[PDB]
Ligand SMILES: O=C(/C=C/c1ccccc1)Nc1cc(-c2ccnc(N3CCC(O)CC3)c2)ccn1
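The chain below stands alone and is given as structure tokens, in the form solved without this ligand.
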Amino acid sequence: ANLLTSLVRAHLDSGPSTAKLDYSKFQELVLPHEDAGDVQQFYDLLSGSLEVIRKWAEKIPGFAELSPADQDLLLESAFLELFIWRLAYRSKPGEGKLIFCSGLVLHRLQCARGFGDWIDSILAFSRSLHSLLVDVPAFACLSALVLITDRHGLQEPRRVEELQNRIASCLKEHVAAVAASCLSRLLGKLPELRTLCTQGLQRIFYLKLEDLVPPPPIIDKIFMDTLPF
């Protein structure tokens, strides 16, 4: 309620207004054509979301009351998932149109070489998300539940589960206020998201192998820290 408002407000301040959208690099028709620039663009797009998602997380009531080590672990473990979740909701998959948190708009083919096949998987997940017609308050709860979740190595796992439970209840109550089957279809997108993001890890592995350009240190640390072997 006040929780709901704070979550909505955190979501809306974490991304571009309709009027801040930048179409100046956008190409409707992409010409017949990975090189270093594609790989650089991929890392730049990921990296443009680090600070934004950290600041968003800091506005979730209770998140700053988790241990700093648990805060960092949750952000790192959820970063790719959150990047994709927010991108999927923001983008317009019926146009092949990717909308990043800076407002930058790009057509599928302008990214695809950096992203690899993963971009198609992301657009498929975005089309599925869009069909659900998730309203902003439900999305703002769900994003929080992507982040505030069990992860191996947490210092205070019960406190994480308690804040999770608060956000879950807030969502449940909101979905009842608007209208269990709707709830479960919303929650079901979280595992699909995780699985989707395995392909993200696979893509980074591939790019680190190829090594046309190395990942930036912060992305590299996320990648390394989230490999459970």
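Counting begins at 1, following the sequence as shown.
Enquirer: What number of residues from the deposited sequence go unmodelled in the gap from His33 to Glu34, classed as none, 1 to 3, 4 to 9, or 10 or more?
Expert: 1 to 3 residues are missing.
Enquirer: Classify the number of deposited-sequence residues missing from the model between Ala64 and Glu65: none, 1 to 3, 4 to 9, or 10 or more.
Expert: The entry has no unmodelled residues between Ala64 and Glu65.
Enquirer: Where do the C-alpha atoms have the higher mean temperature factor in this entry, in 55-63 or in 168-176?
Expert: Comparing 55-63 with 168-176, the higher mean C-alpha B-factor belongs to 168-176.
Enquirer: Comparing 200-208 with 181-189, which stretch shows the greater average C-alpha B-factor in the deposited entry?
Expert: Between 181-189 and 200-208, it is 181-189 that shows the higher mean C-alpha B-factor.
Enquirer: With respect to the C-alpha temperature factors reported in the PDB entry, which of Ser77, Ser131, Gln71, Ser91 ranks highest?
Expert: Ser131 has the highest C-alpha B-factor of those listed.
Enquirer: What third of its chain, lowest, middle or highest, does the C-alpha temperature factor of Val39 fall into?
Expert: Its C-alpha B-factor belongs to the middle third of this chain's values.
Enquirer: Sort the modelled residues of this chain by their C-alpha B factor and say whether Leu50 lands in the lowest, middle or highest third.
Expert: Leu50: CA B-factor falls in the middle third of its chain.
Enquirer: Consider only the C-alpha atoms of the modelled residues in this chain, order them by B-factor as the entry records it, and name the third containing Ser102: lowest, middle or highest.
Expert: Answer is middle: the recorded C-alpha B-factor places it there.
Enquirer: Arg86's Cα B-factor: lowest, middle or highest third of the chain?
Expert: It belongs to the lowest third of the chain when residues are ordered by C-alpha B-factor.
Enquirer: Comparing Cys111 with the other modelled residues of its chain, is its CA B-factor in the lowest, middle or highest third?
Expert: Answer is highest: the recorded C-alpha B-factor places it there.
The same protein has a further form, the form deposited with this ligand bound, not shown here; the description that follows concerns it.
Enquirer: Would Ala124 count as touching this ligand in the entry with it bound under a 4.5 Å heavy atom rule?
Expert: Answer no; every heavy atom of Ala124 is more than 4.5 Å from this ligand in the entry with it bound.
Enquirer: Looking at the partner-bound form in the entry with it bound, is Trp118 within 4.5 Å of this ligand by any heavy atom?
Expert: Flag for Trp118 set to no.
Enquirer: May I ask you to check whether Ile99 falls inside a 4.5 Å heavy atom distance of this ligand in the entry with it bound?
Expert: Yes.
Enquirer: How about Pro214: is it within 4.5 Å of this ligand in the entry with it bound, going by heavy atoms?
Expert: Although this ligand is absent here, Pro214 would stay clear of it in the entry with it bound, with no heavy atoms inside 4.5 Å.
Enquirer: Is it the case in the entry with it bound that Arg90, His130 and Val136 each bring at least one heavy atom within 4.5 Å of this ligand?
Expert: Yes, because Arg90, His130 and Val136 each have a heavy atom that approaches this ligand to within 4.5 Å in the entry with it bound.
Enquirer: May I ask you to list the residues of 9-31 that have any heavy atom within 4.5 angstroms of this ligand in the entry with it bound, in sequence order?
Expert: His11, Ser14, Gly15, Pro16, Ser17, in sequence order.
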